[PDB]
file input_35.txt (compact mmCIF, N, CA and C atoms)
# COMPACT_ATOMS: atom_id res chain seq x y z
N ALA A 2 -18.90 2.85 8.19
CA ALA A 2 -17.56 3.23 7.77
C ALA A 2 -17.45 4.74 7.61
N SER A 3 -18.43 5.35 6.95
CA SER A 3 -18.42 6.79 6.76
C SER A 3 -18.56 7.53 8.09
N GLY A 4 -19.43 7.04 8.97
CA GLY A 4 -19.64 7.65 10.26
C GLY A 4 -20.86 8.53 10.39
N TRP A 5 -21.68 8.63 9.34
CA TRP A 5 -22.92 9.39 9.39
C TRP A 5 -24.06 8.42 9.68
N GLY A 6 -24.65 8.53 10.87
CA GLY A 6 -25.71 7.62 11.25
C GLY A 6 -27.06 8.02 10.69
N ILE A 7 -27.97 7.05 10.65
CA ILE A 7 -29.31 7.30 10.15
C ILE A 7 -30.07 8.22 11.09
N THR A 8 -30.01 7.94 12.40
CA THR A 8 -30.73 8.75 13.37
C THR A 8 -30.09 10.11 13.58
N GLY A 9 -28.89 10.32 13.04
CA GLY A 9 -28.19 11.58 13.18
C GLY A 9 -27.18 11.63 14.30
N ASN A 10 -26.88 10.51 14.95
CA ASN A 10 -25.90 10.49 16.03
C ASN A 10 -24.54 9.98 15.57
N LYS A 11 -24.48 8.73 15.11
CA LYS A 11 -23.23 8.13 14.66
C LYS A 11 -23.47 6.73 14.12
N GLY A 12 -22.60 6.26 13.23
CA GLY A 12 -22.66 4.87 12.81
C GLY A 12 -22.29 3.96 13.96
N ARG A 13 -23.13 2.95 14.21
CA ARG A 13 -22.86 2.03 15.31
C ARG A 13 -21.58 1.24 15.08
N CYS A 14 -21.15 1.11 13.83
CA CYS A 14 -19.93 0.39 13.48
C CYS A 14 -18.78 1.33 13.14
N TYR A 15 -18.92 2.63 13.41
CA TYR A 15 -17.90 3.58 13.01
C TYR A 15 -16.67 3.49 13.91
N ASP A 16 -16.88 3.30 15.22
CA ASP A 16 -15.74 3.21 16.13
C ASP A 16 -14.89 1.99 15.84
N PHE A 17 -15.52 0.84 15.57
CA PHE A 17 -14.77 -0.36 15.23
C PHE A 17 -13.98 -0.16 13.94
N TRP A 18 -14.61 0.46 12.94
CA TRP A 18 -13.91 0.72 11.68
C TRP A 18 -12.72 1.64 11.89
N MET A 19 -12.88 2.68 12.72
CA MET A 19 -11.77 3.58 12.95
C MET A 19 -10.64 2.90 13.72
N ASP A 20 -10.98 2.02 14.66
CA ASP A 20 -9.93 1.26 15.34
C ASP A 20 -9.17 0.38 14.35
N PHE A 21 -9.90 -0.30 13.46
CA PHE A 21 -9.26 -1.14 12.46
C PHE A 21 -8.38 -0.33 11.53
N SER A 22 -8.88 0.82 11.06
CA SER A 22 -8.11 1.66 10.16
C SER A 22 -6.87 2.22 10.84
N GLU A 23 -6.99 2.62 12.11
CA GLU A 23 -5.84 3.13 12.84
C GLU A 23 -4.79 2.04 13.03
N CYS A 24 -5.23 0.80 13.29
CA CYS A 24 -4.26 -0.29 13.38
C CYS A 24 -3.57 -0.50 12.04
N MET A 25 -4.34 -0.52 10.95
CA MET A 25 -3.75 -0.73 9.64
C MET A 25 -2.90 0.45 9.19
N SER A 26 -3.11 1.64 9.77
CA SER A 26 -2.34 2.81 9.36
C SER A 26 -0.87 2.70 9.71
N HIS A 27 -0.51 1.83 10.65
CA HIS A 27 0.89 1.62 11.03
C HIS A 27 1.18 0.14 11.16
N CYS A 28 0.69 -0.66 10.21
CA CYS A 28 0.92 -2.10 10.21
C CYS A 28 1.04 -2.53 8.75
N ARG A 29 2.28 -2.71 8.29
CA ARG A 29 2.52 -2.99 6.88
C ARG A 29 2.05 -4.38 6.46
N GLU A 30 1.81 -5.28 7.41
CA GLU A 30 1.23 -6.58 7.10
C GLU A 30 -0.18 -6.65 7.65
N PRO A 31 -1.16 -7.09 6.86
CA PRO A 31 -2.55 -7.11 7.36
C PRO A 31 -2.83 -8.22 8.36
N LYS A 32 -1.96 -9.22 8.47
CA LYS A 32 -2.26 -10.38 9.30
C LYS A 32 -2.13 -10.09 10.79
N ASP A 33 -1.40 -9.04 11.18
CA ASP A 33 -1.13 -8.81 12.59
C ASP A 33 -2.40 -8.48 13.37
N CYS A 34 -3.25 -7.62 12.82
CA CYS A 34 -4.51 -7.26 13.48
C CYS A 34 -5.68 -7.47 12.53
N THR A 35 -5.73 -8.64 11.91
CA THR A 35 -6.94 -9.06 11.20
C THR A 35 -8.12 -9.26 12.14
N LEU A 36 -7.87 -9.34 13.45
CA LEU A 36 -8.95 -9.47 14.42
C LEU A 36 -9.88 -8.26 14.37
N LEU A 37 -9.30 -7.06 14.28
CA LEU A 37 -10.11 -5.86 14.20
C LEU A 37 -10.94 -5.83 12.92
N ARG A 38 -10.36 -6.29 11.80
CA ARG A 38 -11.13 -6.37 10.56
C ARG A 38 -12.29 -7.34 10.70
N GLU A 39 -12.06 -8.49 11.34
CA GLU A 39 -13.16 -9.42 11.60
C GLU A 39 -14.21 -8.78 12.49
N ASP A 40 -13.78 -8.05 13.52
CA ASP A 40 -14.73 -7.39 14.41
C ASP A 40 -15.58 -6.38 13.66
N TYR A 41 -14.97 -5.59 12.78
CA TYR A 41 -15.73 -4.63 11.99
C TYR A 41 -16.70 -5.33 11.05
N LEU A 42 -16.27 -6.41 10.39
CA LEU A 42 -17.14 -7.09 9.44
C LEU A 42 -18.34 -7.72 10.14
N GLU A 43 -18.11 -8.44 11.24
CA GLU A 43 -19.23 -9.05 11.94
C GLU A 43 -19.99 -8.07 12.81
N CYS A 44 -19.49 -6.84 12.99
CA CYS A 44 -20.32 -5.79 13.56
C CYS A 44 -21.35 -5.30 12.55
N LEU A 45 -21.01 -5.36 11.26
CA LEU A 45 -21.95 -4.95 10.22
C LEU A 45 -23.14 -5.90 10.13
N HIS A 46 -22.89 -7.20 10.21
CA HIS A 46 -23.91 -8.20 9.94
C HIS A 46 -24.29 -9.07 11.13
N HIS A 47 -23.51 -9.05 12.21
CA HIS A 47 -23.77 -9.88 13.39
C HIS A 47 -23.85 -11.36 13.01
N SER A 48 -22.86 -11.81 12.24
CA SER A 48 -22.86 -13.20 11.77
C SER A 48 -22.62 -14.17 12.92
N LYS A 49 -21.59 -13.91 13.74
CA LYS A 49 -21.20 -14.87 14.77
C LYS A 49 -22.29 -15.02 15.83
N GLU A 50 -22.91 -13.92 16.24
CA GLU A 50 -23.98 -14.00 17.23
C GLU A 50 -25.15 -14.82 16.69
N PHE A 51 -25.51 -14.60 15.42
CA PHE A 51 -26.60 -15.36 14.83
C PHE A 51 -26.25 -16.84 14.72
N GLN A 52 -24.99 -17.15 14.39
CA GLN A 52 -24.57 -18.55 14.38
C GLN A 52 -24.69 -19.18 15.76
N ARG A 53 -24.29 -18.45 16.80
CA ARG A 53 -24.39 -18.98 18.16
C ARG A 53 -25.84 -19.24 18.54
N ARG A 54 -26.73 -18.30 18.22
CA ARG A 54 -28.14 -18.50 18.53
C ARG A 54 -28.73 -19.65 17.71
N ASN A 55 -28.25 -19.84 16.48
CA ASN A 55 -28.66 -21.00 15.70
C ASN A 55 -28.22 -22.29 16.37
N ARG A 56 -27.00 -22.31 16.91
CA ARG A 56 -26.54 -23.50 17.63
C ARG A 56 -27.40 -23.76 18.86
N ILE A 57 -27.78 -22.70 19.58
CA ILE A 57 -28.66 -22.85 20.74
C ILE A 57 -29.99 -23.46 20.31
N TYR A 58 -30.57 -22.95 19.22
CA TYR A 58 -31.84 -23.49 18.76
C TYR A 58 -31.69 -24.93 18.27
N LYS A 59 -30.54 -25.28 17.69
CA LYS A 59 -30.29 -26.67 17.31
C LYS A 59 -30.23 -27.57 18.53
N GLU A 60 -29.59 -27.11 19.61
CA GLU A 60 -29.58 -27.89 20.85
C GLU A 60 -30.99 -28.05 21.40
N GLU A 61 -31.82 -27.02 21.26
CA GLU A 61 -33.23 -27.17 21.61
C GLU A 61 -33.92 -28.22 20.74
N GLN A 62 -33.63 -28.20 19.43
CA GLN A 62 -34.36 -29.05 18.49
C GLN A 62 -33.98 -30.52 18.63
N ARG A 63 -32.71 -30.80 18.92
CA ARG A 63 -32.26 -32.19 18.98
C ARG A 63 -32.91 -32.97 20.11
N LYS A 64 -33.53 -32.29 21.07
CA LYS A 64 -34.20 -32.96 22.18
C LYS A 64 -35.44 -33.72 21.75
N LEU A 65 -35.91 -33.53 20.51
CA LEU A 65 -37.07 -34.25 20.00
C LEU A 65 -36.79 -35.75 19.96
N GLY B 2 55.34 17.01 -53.11
CA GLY B 2 55.80 15.64 -53.21
C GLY B 2 55.06 14.84 -54.25
N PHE B 3 54.85 13.55 -53.97
CA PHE B 3 54.14 12.65 -54.87
C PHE B 3 52.91 12.14 -54.12
N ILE B 4 52.08 11.35 -54.81
CA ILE B 4 50.74 11.05 -54.31
C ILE B 4 50.80 10.17 -53.06
N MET B 5 51.58 9.09 -53.11
CA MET B 5 51.50 8.09 -52.05
C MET B 5 52.06 8.60 -50.72
N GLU B 6 53.10 9.43 -50.76
CA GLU B 6 53.67 9.95 -49.51
C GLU B 6 52.66 10.78 -48.73
N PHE B 7 51.64 11.32 -49.40
CA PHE B 7 50.59 12.08 -48.75
C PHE B 7 49.36 11.24 -48.46
N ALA B 8 49.00 10.33 -49.37
CA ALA B 8 47.86 9.45 -49.12
C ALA B 8 48.11 8.54 -47.93
N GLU B 9 49.36 8.12 -47.73
CA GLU B 9 49.68 7.28 -46.58
C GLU B 9 49.28 7.95 -45.28
N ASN B 10 49.92 9.06 -44.94
CA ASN B 10 49.59 9.70 -43.67
C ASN B 10 48.17 10.26 -43.67
N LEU B 11 47.58 10.53 -44.83
CA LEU B 11 46.16 10.89 -44.85
C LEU B 11 45.30 9.76 -44.31
N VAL B 12 45.53 8.54 -44.80
CA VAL B 12 44.79 7.38 -44.31
C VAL B 12 45.10 7.14 -42.83
N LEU B 13 46.35 7.36 -42.43
CA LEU B 13 46.72 7.18 -41.03
C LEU B 13 45.98 8.16 -40.12
N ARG B 14 45.84 9.42 -40.55
CA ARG B 14 45.01 10.36 -39.80
C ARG B 14 43.55 9.92 -39.80
N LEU B 15 43.07 9.39 -40.93
CA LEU B 15 41.67 8.97 -41.01
C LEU B 15 41.37 7.86 -40.02
N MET B 16 42.29 6.91 -39.86
CA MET B 16 42.10 5.84 -38.90
C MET B 16 42.22 6.36 -37.47
N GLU B 17 41.61 5.63 -36.54
CA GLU B 17 41.40 6.08 -35.18
C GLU B 17 42.37 5.39 -34.22
N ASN B 18 42.29 5.78 -32.95
CA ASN B 18 43.10 5.16 -31.92
C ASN B 18 42.48 3.83 -31.50
N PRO B 19 43.19 2.71 -31.67
CA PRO B 19 42.62 1.44 -31.22
C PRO B 19 42.60 1.29 -29.71
N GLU B 20 43.58 1.86 -29.00
CA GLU B 20 43.58 1.82 -27.54
C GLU B 20 42.33 2.50 -26.98
N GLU B 21 41.96 3.64 -27.56
CA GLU B 21 40.71 4.29 -27.17
C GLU B 21 39.52 3.39 -27.48
N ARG B 22 39.54 2.72 -28.63
CA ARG B 22 38.44 1.84 -29.00
C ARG B 22 38.31 0.67 -28.03
N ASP B 23 39.43 0.05 -27.66
CA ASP B 23 39.38 -1.07 -26.72
C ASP B 23 38.91 -0.61 -25.34
N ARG B 24 39.42 0.53 -24.88
CA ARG B 24 38.99 1.06 -23.59
C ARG B 24 37.50 1.36 -23.59
N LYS B 25 37.01 1.99 -24.66
CA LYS B 25 35.59 2.30 -24.75
C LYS B 25 34.75 1.03 -24.82
N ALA B 26 35.25 0.00 -25.51
CA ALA B 26 34.50 -1.25 -25.60
C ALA B 26 34.36 -1.91 -24.24
N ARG B 27 35.48 -2.06 -23.51
CA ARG B 27 35.40 -2.69 -22.19
C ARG B 27 34.56 -1.85 -21.23
N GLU B 28 34.70 -0.52 -21.29
CA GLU B 28 33.85 0.35 -20.49
C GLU B 28 32.38 0.10 -20.80
N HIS B 29 31.99 0.32 -22.06
CA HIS B 29 30.60 0.16 -22.47
C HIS B 29 30.04 -1.18 -22.03
N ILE B 30 30.83 -2.25 -22.14
CA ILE B 30 30.38 -3.54 -21.63
C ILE B 30 30.12 -3.48 -20.13
N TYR B 31 31.04 -2.85 -19.38
CA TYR B 31 30.89 -2.80 -17.92
C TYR B 31 29.61 -2.07 -17.51
N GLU B 32 29.44 -0.83 -17.98
CA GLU B 32 28.23 -0.10 -17.59
C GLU B 32 26.96 -0.69 -18.19
N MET B 33 27.03 -1.28 -19.39
CA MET B 33 25.84 -1.92 -19.93
C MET B 33 25.41 -3.11 -19.08
N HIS B 34 26.36 -3.91 -18.60
CA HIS B 34 25.99 -5.03 -17.75
C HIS B 34 25.47 -4.57 -16.40
N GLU B 35 26.09 -3.52 -15.83
CA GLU B 35 25.59 -2.99 -14.56
C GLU B 35 24.17 -2.46 -14.71
N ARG B 36 23.91 -1.71 -15.79
CA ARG B 36 22.56 -1.21 -16.04
C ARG B 36 21.58 -2.34 -16.32
N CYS B 37 22.05 -3.41 -16.97
CA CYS B 37 21.20 -4.58 -17.18
C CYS B 37 20.77 -5.19 -15.85
N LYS B 38 21.72 -5.33 -14.92
CA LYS B 38 21.36 -5.83 -13.59
C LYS B 38 20.39 -4.89 -12.89
N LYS B 39 20.60 -3.58 -13.05
CA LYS B 39 19.69 -2.61 -12.43
C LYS B 39 18.27 -2.75 -12.98
N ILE B 40 18.12 -2.89 -14.30
CA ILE B 40 16.79 -3.04 -14.89
C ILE B 40 16.17 -4.37 -14.48
N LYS B 41 16.98 -5.42 -14.38
CA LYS B 41 16.46 -6.70 -13.91
C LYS B 41 15.91 -6.58 -12.49
N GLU B 42 16.62 -5.84 -11.63
CA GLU B 42 16.11 -5.59 -10.29
C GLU B 42 14.82 -4.78 -10.34
N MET B 43 14.77 -3.77 -11.21
CA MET B 43 13.60 -2.89 -11.27
C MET B 43 12.35 -3.66 -11.71
N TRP B 44 12.50 -4.57 -12.67
CA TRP B 44 11.35 -5.35 -13.11
C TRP B 44 10.81 -6.29 -12.04
N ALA B 45 11.56 -6.51 -10.96
CA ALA B 45 11.11 -7.40 -9.89
C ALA B 45 10.16 -6.73 -8.91
N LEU B 46 10.00 -5.41 -8.98
CA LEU B 46 9.13 -4.72 -8.03
C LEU B 46 7.68 -5.13 -8.24
N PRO B 47 6.96 -5.50 -7.18
CA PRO B 47 5.54 -5.82 -7.33
C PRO B 47 4.72 -4.58 -7.64
N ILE B 48 3.55 -4.81 -8.24
CA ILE B 48 2.66 -3.71 -8.55
C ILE B 48 2.18 -3.01 -7.28
N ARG B 49 1.92 -3.78 -6.23
CA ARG B 49 1.44 -3.19 -4.99
C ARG B 49 2.58 -3.12 -3.99
N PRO B 50 3.03 -1.93 -3.60
CA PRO B 50 4.15 -1.83 -2.66
C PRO B 50 3.79 -2.41 -1.30
N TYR B 51 4.83 -2.78 -0.55
CA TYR B 51 4.61 -3.43 0.74
C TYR B 51 3.86 -2.53 1.70
N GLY B 52 4.22 -1.24 1.75
CA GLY B 52 3.52 -0.32 2.63
C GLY B 52 2.10 -0.04 2.18
N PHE B 53 1.95 0.61 1.02
CA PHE B 53 0.64 0.92 0.42
C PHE B 53 -0.14 1.77 1.41
N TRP B 54 -1.08 1.19 2.18
CA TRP B 54 -1.95 1.98 3.05
C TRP B 54 -1.15 2.77 4.08
N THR B 55 0.05 2.31 4.41
CA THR B 55 0.91 3.01 5.36
C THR B 55 1.29 4.39 4.84
N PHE B 56 1.29 4.55 3.52
CA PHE B 56 1.65 5.83 2.92
C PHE B 56 0.66 6.91 3.34
N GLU B 57 1.19 8.12 3.57
CA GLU B 57 0.36 9.20 4.10
C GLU B 57 -0.72 9.61 3.11
N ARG B 58 -0.44 9.51 1.81
CA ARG B 58 -1.43 9.87 0.81
C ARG B 58 -2.56 8.85 0.71
N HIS B 59 -2.38 7.65 1.28
CA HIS B 59 -3.36 6.59 1.20
C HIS B 59 -4.17 6.42 2.48
N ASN B 60 -4.17 7.43 3.36
CA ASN B 60 -5.02 7.41 4.54
C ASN B 60 -6.14 8.43 4.44
N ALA B 61 -5.80 9.72 4.31
CA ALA B 61 -6.72 10.76 3.90
C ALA B 61 -7.94 10.90 4.81
N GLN B 62 -7.99 10.11 5.88
CA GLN B 62 -9.14 10.10 6.78
C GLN B 62 -8.77 10.09 8.25
N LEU B 63 -7.57 9.63 8.61
CA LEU B 63 -7.16 9.65 10.01
C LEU B 63 -6.88 11.07 10.49
N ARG B 64 -6.61 12.00 9.59
CA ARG B 64 -6.39 13.40 9.95
C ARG B 64 -7.49 14.32 9.43
N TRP B 65 -8.56 13.76 8.87
CA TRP B 65 -9.74 14.53 8.48
C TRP B 65 -10.92 14.32 9.41
N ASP B 66 -11.19 13.07 9.79
CA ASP B 66 -12.28 12.80 10.72
C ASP B 66 -12.13 13.47 12.08
N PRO B 67 -10.95 13.50 12.72
CA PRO B 67 -10.87 14.12 14.06
C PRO B 67 -11.37 15.55 14.11
N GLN B 68 -11.19 16.33 13.04
CA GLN B 68 -11.71 17.68 12.98
C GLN B 68 -13.16 17.73 12.49
N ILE B 69 -13.76 16.58 12.23
CA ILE B 69 -15.16 16.51 11.84
C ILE B 69 -16.03 15.86 12.92
N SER B 70 -15.45 15.11 13.85
CA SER B 70 -16.22 14.38 14.85
C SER B 70 -16.90 15.30 15.85
N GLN B 71 -16.79 16.62 15.65
CA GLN B 71 -17.47 17.59 16.49
C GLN B 71 -18.72 18.18 15.84
N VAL B 72 -18.91 17.98 14.53
CA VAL B 72 -20.06 18.56 13.85
C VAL B 72 -21.30 17.73 14.14
N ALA B 73 -22.46 18.36 13.98
CA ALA B 73 -23.73 17.68 14.21
C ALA B 73 -23.94 16.60 13.16
N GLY B 74 -24.44 15.45 13.60
CA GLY B 74 -24.62 14.30 12.74
C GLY B 74 -23.53 13.26 12.82
N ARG B 75 -22.53 13.46 13.69
CA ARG B 75 -21.45 12.49 13.84
C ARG B 75 -21.04 12.29 15.29
N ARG B 76 -21.72 12.91 16.24
CA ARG B 76 -21.29 12.90 17.63
C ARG B 76 -21.82 11.69 18.38
N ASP B 77 -20.98 11.12 19.23
CA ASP B 77 -21.43 10.08 20.14
C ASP B 77 -22.55 10.64 21.02
N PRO B 78 -23.68 9.93 21.16
CA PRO B 78 -24.79 10.44 21.99
C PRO B 78 -24.37 11.02 23.33
N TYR B 79 -23.35 10.44 23.96
CA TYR B 79 -22.84 10.97 25.23
C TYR B 79 -21.78 12.04 25.00
N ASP B 80 -22.09 13.04 24.18
CA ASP B 80 -21.20 14.18 24.01
C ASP B 80 -21.94 15.48 24.28
N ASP B 81 -23.18 15.59 23.80
CA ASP B 81 -23.97 16.79 24.03
C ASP B 81 -24.59 16.83 25.42
N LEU B 82 -24.68 15.68 26.09
CA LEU B 82 -25.33 15.63 27.39
C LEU B 82 -24.48 16.28 28.48
N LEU B 83 -23.18 16.00 28.50
CA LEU B 83 -22.29 16.50 29.53
C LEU B 83 -21.40 17.64 29.04
N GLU B 84 -21.66 18.17 27.84
CA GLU B 84 -20.92 19.32 27.34
C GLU B 84 -21.40 20.63 27.95
N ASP B 85 -22.61 20.66 28.52
CA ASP B 85 -23.13 21.89 29.10
C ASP B 85 -22.26 22.40 30.24
N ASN B 86 -21.71 21.49 31.04
CA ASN B 86 -20.82 21.88 32.13
C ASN B 86 -19.44 21.24 31.95

call {"tool": "encode", "arguments": {"input": "input_35.txt", "output": "structure tokens"}}
result
Amino acid sequence: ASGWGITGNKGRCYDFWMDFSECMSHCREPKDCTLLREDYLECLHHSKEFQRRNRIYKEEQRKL
Amino acid sequence: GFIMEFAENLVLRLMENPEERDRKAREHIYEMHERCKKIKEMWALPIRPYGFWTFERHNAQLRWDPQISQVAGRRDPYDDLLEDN
């Protein structure tokens, strides 16, 4: 969010956060582009990708 | 003269205009009710305004970061590579 990266280049999630903030800067209702907020949040933690890989491993496991 | 001929008009001067009193009463009622409606409307305002973040004082970063994205420690890796030419 701040934009100061650990390696000294940039926050990997800074561009997504700035896109979300720029959308919210001219959108009086948050529901119109909540997609960008979701993108920023799951860019921080990679929740959806990990869920998908968990589903893949479950499909592997059910073959037992 | 005598006492009563003067006390009469003295009391009459002491008393006020009733037409002025009635006009002031109906007026005061009118503006008091209008102001009552105004205050009732004012109490309906939510604590958080509809715009909020839309306000220019509540951004403070969309016009600060662009003049900072050139300093060292915030640049996209593909900025110093092709800046030489």

call {"tool": "residues_around", "arguments": {"input": "input_35.txt", "residues": "residue 42 of chain A", "least_positions_apart": "6", "cutoff": "8 Å", "atoms": "only N, CA and C atoms", "output": "PDB file with N, CA and C atoms, in the coordinates of the input"}}
result
ATOM      1  N   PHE A  17     -15.520   0.840  15.570  1.00  0.00           N
ATOM      2  CA  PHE A  17     -14.770  -0.360  15.230  1.00  0.00           C
ATOM      3  C   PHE A  17     -13.980  -0.160  13.940  1.00  0.00           C
ATOM      4  N   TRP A  18     -14.610   0.460  12.940  1.00  0.00           N
ATOM      5  CA  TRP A  18     -13.910   0.720  11.680  1.00  0.00           C
ATOM      6  C   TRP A  18     -12.720   1.640  11.890  1.00  0.00           C
ATOM      7  N   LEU A  36      -7.870  -9.340  13.450  1.00  0.00           N
ATOM      8  CA  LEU A  36      -8.950  -9.470  14.420  1.00  0.00           C
ATOM      9  C   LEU A  36      -9.880  -8.260  14.370  1.00  0.00           C
ATOM     10  N   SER A  48     -22.860 -11.810  12.240  1.00  0.00           N
ATOM     11  CA  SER A  48     -22.860 -13.200  11.770  1.00  0.00           C
ATOM     12  C   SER A  48     -22.620 -14.170  12.920  1.00  0.00           C
ATOM     13  N   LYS A  49     -21.590 -13.910  13.740  1.00  0.00           N
ATOM     14  CA  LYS A  49     -21.200 -14.870  14.770  1.00  0.00           C
ATOM     15  C   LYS A  49     -22.290 -15.020  15.830  1.00  0.00           C
TER      16      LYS A  49
END

call {"tool": "atom_distance", "arguments": {"input": "input_35.txt", "atom1": "atom C of residue 50 of chain B", "atom2": "atom N of residue 22 of chain A"}}
result
18.0 Å

call {"tool": "residues_around", "arguments": {"input": "input_35.txt", "residues": "segment 9-16 of chain A", "least_positions_apart": "4", "cutoff": "7 Å", "atoms": "all atoms listed in the file", "output": "JSON, numbers by chain"}}
result
{"A": [2, 3, 4, 5, 20, 21, 41, 44, 45], "B": [73, 74, 75, 76, 77, 78]}

call {"tool": "write_last_selection", "arguments": {"input": "input_35.txt", "atoms": "N, CA and C atoms", "output": "PDB file, in the frame of the given file"}}
result
ATOM      1  N   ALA A   2     -18.900   2.850   8.190  1.00  0.00           N
ATOM      2  CA  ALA A   2     -17.560   3.230   7.770  1.00  0.00           C
ATOM      3  C   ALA A   2     -17.450   4.740   7.610  1.00  0.00           C
ATOM      4  N   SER A   3     -18.430   5.350   6.950  1.00  0.00           N
ATOM      5  CA  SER A   3     -18.420   6.790   6.760  1.00  0.00           C
ATOM      6  C   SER A   3     -18.560   7.530   8.090  1.00  0.00           C
ATOM      7  N   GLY A   4     -19.430   7.040   8.970  1.00  0.00           N
ATOM      8  CA  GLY A   4     -19.640   7.650  10.260  1.00  0.00           C
ATOM      9  C   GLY A   4     -20.860   8.530  10.390  1.00  0.00           C
ATOM     10  N   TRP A   5     -21.680   8.630   9.340  1.00  0.00           N
ATOM     11  CA  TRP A   5     -22.920   9.390   9.390  1.00  0.00           C
ATOM     12  C   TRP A   5     -24.060   8.420   9.680  1.00  0.00           C
ATOM     13  N   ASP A  20     -10.980   2.020  14.660  1.00  0.00           N
ATOM     14  CA  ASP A  20      -9.930   1.260  15.340  1.00  0.00           C
ATOM     15  C   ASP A  20      -9.170   0.380  14.350  1.00  0.00           C
ATOM     16  N   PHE A  21      -9.900  -0.300  13.460  1.00  0.00           N
ATOM     17  CA  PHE A  21      -9.260  -1.140  12.460  1.00  0.00           C
ATOM     18  C   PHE A  21      -8.380  -0.330  11.530  1.00  0.00           C
ATOM     19  N   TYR A  41     -14.970  -5.590  12.780  1.00  0.00           N
ATOM     20  CA  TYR A  41     -15.730  -4.630  11.990  1.00  0.00           C
ATOM     21  C   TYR A  41     -16.700  -5.330  11.050  1.00  0.00           C
ATOM     22  N   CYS A  44     -19.490  -6.840  12.990  1.00  0.00           N
ATOM     23  CA  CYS A  44     -20.320  -5.790  13.560  1.00  0.00           C
ATOM     24  C   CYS A  44     -21.350  -5.300  12.550  1.00  0.00           C
ATOM     25  N   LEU A  45     -21.010  -5.360  11.260  1.00  0.00           N
ATOM     26  CA  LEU A  45     -21.950  -4.950  10.220  1.00  0.00           C
ATOM     27  C   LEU A  45     -23.140  -5.900  10.130  1.00  0.00           C
TER      28      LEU A  45
ATOM     29  N   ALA B  73     -22.460  18.360  13.980  1.00  0.00           N
ATOM     30  CA  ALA B  73     -23.730  17.680  14.210  1.00  0.00           C
ATOM     31  C   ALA B  73     -23.940  16.600  13.160  1.00  0.00           C
ATOM     32  N   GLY B  74     -24.440  15.450  13.600  1.00  0.00           N
ATOM     33  CA  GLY B  74     -24.620  14.300  12.740  1.00  0.00           C
ATOM     34  C   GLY B  74     -23.530  13.260  12.820  1.00  0.00           C
ATOM     35  N   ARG B  75     -22.530  13.460  13.690  1.00  0.00           N
ATOM     36  CA  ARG B  75     -21.450  12.490  13.840  1.00  0.00           C
ATOM     37  C   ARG B  75     -21.040  12.290  15.290  1.00  0.00           C
ATOM     38  N   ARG B  76     -21.720  12.910  16.240  1.00  0.00           N
ATOM     39  CA  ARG B  76     -21.290  12.900  17.630  1.00  0.00           C
ATOM     40  C   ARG B  76     -21.820  11.690  18.380  1.00  0.00           C
ATOM     41  N   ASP B  77     -20.980  11.120  19.230  1.00  0.00           N
ATOM     42  CA  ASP B  77     -21.430  10.080  20.140  1.00  0.00           C
ATOM     43  C   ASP B  77     -22.550  10.640  21.020  1.00  0.00           C
ATOM     44  N   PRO B  78     -23.680   9.930  21.160  1.00  0.00           N
ATOM     45  CA  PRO B  78     -24.790  10.440  21.990  1.00  0.00           C
ATOM     46  C   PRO B  78     -24.370  11.020  23.330  1.00  0.00           C
TER      47      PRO B  78
END

call {"tool": "interface_residues", "arguments": {"input": "input_35.txt", "of": "chain B", "to": "chain A", "cutoff": "12 Å", "atoms": "only C-alpha atoms", "output": "number ranges by chain"}}
result
B: 49-67, 69-81

call {"tool": "select_by_dssp", "arguments": {"input": "input_35.txt", "residues": "segment 15-84 of chain B", "states": "alpha helix (DSSP H)", "output": "MDAnalysis selection string"}}
result
chainID B and resid 15 19:43

call {"tool": "atom_distance", "arguments": {"input": "input_35.txt", "atom1": "atom CA of residue 18 of chain B", "atom2": "atom N of residue 31 of chain B"}}
result
19.2 Å

call {"tool": "atom_distance", "arguments": {"input": "input_35.txt", "atom1": "atom N of residue 52 of chain A", "atom2": "atom C of residue 38 of chain A"}}
result
16.5 Å
